[PDB]
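Q: First, the structure itself, so that you have it in front of you.
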Amino acid sequence: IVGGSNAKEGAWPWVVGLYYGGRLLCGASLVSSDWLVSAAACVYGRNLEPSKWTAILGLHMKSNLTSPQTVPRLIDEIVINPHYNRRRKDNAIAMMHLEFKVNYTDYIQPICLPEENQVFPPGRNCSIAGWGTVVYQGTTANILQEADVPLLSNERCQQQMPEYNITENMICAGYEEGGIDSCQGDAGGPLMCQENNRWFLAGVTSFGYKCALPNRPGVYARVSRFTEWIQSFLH
Amino acid sequence: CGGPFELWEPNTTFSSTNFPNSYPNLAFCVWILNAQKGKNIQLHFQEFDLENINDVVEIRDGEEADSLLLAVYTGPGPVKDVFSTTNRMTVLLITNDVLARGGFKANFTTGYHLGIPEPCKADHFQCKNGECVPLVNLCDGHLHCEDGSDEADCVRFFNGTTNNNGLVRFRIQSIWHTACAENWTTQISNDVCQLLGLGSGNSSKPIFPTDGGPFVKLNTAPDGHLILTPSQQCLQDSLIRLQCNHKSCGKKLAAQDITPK
Ligand SMILES: *[C@@H]1O[C@H](CO)[C@@H](O)[C@H](O)[C@H]1NC(C)=O
Ligand SMILES: *[C@@H]1O[C@H](CO)[C@@H](O)[C@H](O)[C@H]1NC(C)=O
Ligand SMILES: *[C@@H]1O[C@H](CO)[C@@H](O)[C@H](O)[C@H]1NC(C)=O
Ligand SMILES: *[C@@H]1O[C@H](CO)[C@@H](O)[C@H](O)[C@H]1NC(C)=O
Ligand SMILES: *[C@@H]1O[C@H](CO)[C@@H](O)[C@H](O)[C@H]1NC(C)=O
Ligand SMILES: *[C@@H]1O[C@H](CO)[C@@H](O)[C@H](O)[C@H]1NC(C)=O
Ligand SMILES: *[C@@H]1O[C@H](CO)[C@@H](O)[C@H](O)[C@H]1NC(C)=O
Ligand SMILES: *[C@@H]1O[C@H](CO)[C@@H](O)[C@H](O)[C@H]1NC(C)=O
Ligand SMILES: *[C@@H]1O[C@H](CO)[C@@H](O)[C@H](O)[C@H]1NC(C)=O
């Protein structure tokens, strides 16, 4: 996210950052007490050594890490989606198992998965989270930047994104005139869309052609087509 | 970009492009290892030493346009073997343009059920890790099979179209069946809610006895685990139409304020 605002501490407890050997690479959305969900575009080629990965749960400010709300955890298993394809950029999701269980604290809460036969209508105002990068050719922000991003249709996204074959398993979301879109360093950011006083997981930040560009939105992985696949690992 | 291609049964041992020297950068090779119908593929590696995440081997199992994935190997070390399912194991190599490594080798000998251990028949339940447990851990409350398949979900719903609704369909060890609500309380209600991965019981009430299956008698005890007994002695049985709400999902639990600015 480029044009994001500072989020209140605790407003998004199900948004964590994945550290790869002491360095933040991509974000993940905690779904269960032991299984996370992140974009497969970052764990691709790194799942062989799960001990190197480490996920900080309930993290809000990287500099303010000494707070007891941040519970560190170690990764021991990474499961990439079988239908993944790095060239076509299709089904870029991958779950990550935790070593030990974690208690649901005030700043750590699980996210809700989208049920089957439940389509999100386009033009729906609902924001995202994650360590968004403020400037394309620069560095990210220490605070959890966030901003509202409306949902678009697949046909309009295909008309605006002819470089990539937009299939049914992908959903786009971005401003028509650009300015505020997900950028580098925030792959795997959840597309949290509120439904009946409850937030769901309506998309995972897969990739982006050019962030903060007009008519160039970001393509997100449609999680509603992988509900049972994710639920098969939650137990 | 123009290396080897599909092989067959006799030709087994092959390097990527050049074993004694390093592979050229920006190369995208492919080795579509095939076999006869009904035969699986094996991809044991005798030598493997590649670069970091920038250089990987996207081992595919497509056989069609909808390709699957089996393993993504990279870096040095004796990587584990790959055991495909179909008779067409596609091997795609993706390399960077900096610090090219030597290469690797692969000896693919086809066969039947390679890698996957042979399941034991004659009343031997095989959990998803290959271990065999005939009746010692058939959904009884133990974790012998470390993958959790021995204590897997032996419970489900019936005519429960939505997520957290349905009947009280219960499987003791082998056969699925309903239960009874003669001693049904909110305690066992929230217990079976949690066992089904749900929240708390909202409103539990029966409708009518539908089938005469071997219903189970649910009971309560301070030992934690629920007492069950599939006795077929119950007149006008009350099939539980469980209405359990969802668990604590992604709702704001903190004490946030209202500052719309
Ligand atoms: C967080 O920041 C506050 C003030 O900026 C500081 O006093 C505190 O030591 C920091 N770390 C915590 C609370 O763990
Ligand atoms: C979680 O709660 C349990 C009791 O339910 C307690 O024993 C444990 O210390 C708590 N914290 C963790 C990290 O498990
Ligand atoms: C969505 O939010 C933007 C600003 O965040 C606002 O301009 C727009 O009117 C909103 N749309 C709806 C339907 O609420
Ligand atoms: C996308 O893929 C489908 C399936 O092969 C194909 O029919 C279609 O022409 C492709 N579209 C583009 C724009 O590549
Ligand atoms: C095996 O390799 C040889 C040598 O290039 C080639 O002539 C032959 O067609 C290959 N396939 C076989 C023998 O099935
Ligand atoms: C392939 O060759 C290696 C070389 O030692 C041998 O160990 C192996 O049994 C052969 N067959 C395979 C890997 O199926
Ligand atoms: C469930 O629906 C099926 C529809 O074929 C019906 O036959 C059956 O009697 C129903 N059972 C209950 C308990 O409603
Ligand atoms: C179950 O209910 C019946 C009828 O009220 C009663 O006689 C019996 O003692 C109850 N059993 C238990 C274990 O509560
Ligand atoms: C039961 O469901 C109703 C739906 O209208 C809801 O209002 C109520 O809060 C629920 N009660 C519990 C205990 O979940």
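Q: Work out the mean other chain Cβ neighbour count within 10 Å for the residues of B:54-62 and drop it here as an integer.
A: 2
Q: What distance in nm separates the two pseudo spin-label positions at A:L234 and B:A65, each 7 Å out from Cα along the beta-carbon direction?
A: 3.3
Q: What order, most packed first, do the peptides A:166-176, B:190-200 have when packing is the mean number of other Cβ atoms within 10 Å of each residue? Can you show the working numbers first?
A: Numbers: A:166-176: 19.5, B:190-200: 16.5.
In descending order of packing, they fall as A:166-176, B:190-200.
Q: Follow-up question, since we're still on this one. Show that you can apply the helix-only estimate: for chain B, add -39,500 (n - 2.57) for every DSSP H stretch of four or more residues, divide by all residues, and state [θ] at 222 nm to the nearest 500. Write out the running numbers ahead of the final one.
A: On the way: 1 runs with 10 residues, N = 261.
Only helices count here, giving -1000 deg cm²/dmol.
Q: Compute the acute angle (0 to 90°) between the alpha-carbon long axis of helix B:186-195 and the principal axis of greatest extent of the alpha-carbon atoms of chain B; round to the nearest 10°.
A: The angle comes out near 10 degrees.
Q: Right, next: Taking only C-alpha pairs under 8 Å that are 6+ residues apart, what is the relative contact order of region A:105-235 in percent?
A: For region A:105-235, the relative contact order is 27 percent.
Q: Right, here's the next one. When you look at the Cβ of every residue in B:244-252, what mean number of other chain Cβ atoms sits within 10 Å?
A: Numbers: counts 0, 0, 2, 3, 4, 9, 19, 8, 10.
Mean partner shielding for this stretch: 6.
Q: Note down the relative contact order for chain B as a percent, whole number, built from C-alpha pairs under 8 angstrom at least six residues apart. Write out the running numbers ahead of the final one.
A: Details: 547 pairs, mean separation 37.9, N = 261.
Relative CO of chain B lands at 15 percent.
Q: Follow-up. Of the options B:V91, B:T110, B:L253, report the single residue whose Cα projects farthest towards the positive end of the charge dipole of the protein assembly as shown (beta-carbon charges: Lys, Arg +1; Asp, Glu -1).
A: Of the options given, the answer is B:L253.
Q: In addition: Along the three principal axes, how long is chain B when you take its alpha carbons, biggest first, rounded to the nearest angstrom?
A: The principal-axis extents, from largest down, are 79, 69, 35 Å.
Q: Then there is this: Can you compute the modelled spin-label distance between B:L138 and A:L74, with each label point 7 Å from Cα toward Cβ, in nm?
A: Roughly 3.9 nm, to one decimal.
Q: Taking the Cα centre of chain B as origin, work out the dipole magnitude from +1 charges on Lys and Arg Cβ and -1 charges on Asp and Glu Cβ, in debye rounded to 20.
A: Details: 19 positive and 28 negative charges, 174 e Å.
Here chain B has a charge dipole of around 840 debye.
Q: So, one more: Roughly how big is the protein assembly as shown's charge dipole about its Cα centre, with Cβ charges of +1 (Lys, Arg) and -1 (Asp, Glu), in debye to the nearest 20? Working shown, then result.
A: Numbers: 37 positive and 49 negative charges, 159 e Å.
That gives a dipole near 760 debye.
Q: Using the Cα atoms of the protein assembly as shown, I'd like the radius of gyration and the largest Cα-Cα distance, Dmax, both in angstrom.
A: Gyration radius and largest Cα-Cα distance of the protein assembly as shown: 25.5, 81 Å.
Q: Right, next: Counting chymotrypsin sites (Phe, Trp or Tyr not before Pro) as exposed when in a DSSP loop with at most 12 other beta carbons within 10 Å, what is the longest stretch of chain B free of them?
A: Working: sites that count: B:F5, B:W8, B:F28, B:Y112.
Between exposed loop sites, the widest span is B:113-261.
Q: Still on this structure, please answer the following. Please count, across chain B, the pairs of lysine residues with Cα atoms under 23 Å apart that sit 8 or more places apart or on different chains.
A: The result is 10.
Q: Counting only DSSP beta bridges with both residues in chain A, tell me the antiparallel percent, nearest 5. Could you put the intermediate results ahead of the total?
A: Values: 42 of 42 bridges.
So the antiparallel bridges amount to about 100 percent of the total.
Q: Take peptide A:45-54, look around each residue's Cβ out to 10 angstrom, count Cβ atoms belonging to other protein chains, and average those counts. Write out the running numbers ahead of the final one.
A: On the way: counts 12, 6, 5, 10, 3, 0, 0, 0, 0, 0.
Mean partner shielding for this stretch: 4.
Q: For the pair B:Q256 and A:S67, how long in nm is the line joining their label points, each one 7 Å along Cα→Cβ?
A: That separation, rounded to one decimal, is 1.4 nm.
Q: Calculate the FRET efficiency for B:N159 and B:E47 from the Cβ-Cβ distance with a Förster distance of 45 Å, rounded to the nearest 0.05. The partial results should precede the final answer.
A: Details: r = 57 Å, r/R0 = 1.27.
The calculated FRET efficiency here is 0.20.
Q: Taking 2.2 N^0.38 Å as the expected size of a compact globular protein, what ratio does the Cα radius of gyration of chain A give against it, to two decimals?
A: 0.93
Q: Among A:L201, A:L213, A:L191, which one shows the highest mean-square fluctuation when chain A is modelled as a Gaussian network with alpha-carbon springs under 10 Å?
A: Greatest mean-square fluctuation among the candidates belongs to A:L213.
FYI, it's all coordinate maths here, none of it is from the lab. Methodologically, a virtual Cβ is constructed for each residue, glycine included, from the backbone with ideal geometry; neighbour enumeration extends over all protein chains shown.
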